[PDB]
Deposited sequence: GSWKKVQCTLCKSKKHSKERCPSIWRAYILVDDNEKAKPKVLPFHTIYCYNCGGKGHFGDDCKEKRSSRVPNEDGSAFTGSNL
């Protein structure tokens, strides 16, 4: 279980931080419910995609 991510849902050889890197220099919408004010990733409703993602997406409030 990764030591870079600190998570225990994958090994180091598969840490999303490998490919999820950014080169740095209105309202929000949730992909789960068409609701505004929050990202679809950290939303309260039952998820609309029968497809899992125990590890987060780009679209969390963590602003990553």
Next item on the list: Just jot down which stretches of the deposited chain sequence have no CA coordinates, in the order they come.
Entry: 1-6, 32-44
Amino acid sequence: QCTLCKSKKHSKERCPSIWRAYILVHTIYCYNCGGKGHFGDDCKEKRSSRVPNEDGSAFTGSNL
From here on, numbers count along this sequence of modelled residues.
Next item on the list: Decide which of the stretches 51-59 and 5-13 has the higher mean C-alpha B-factor, going by the entry.
Entry: 5-13
Notebook entry, point to check: Per the entry, where is the mean C-alpha temperature factor higher: 15-23 or 38-46?
Noted result: 38-46
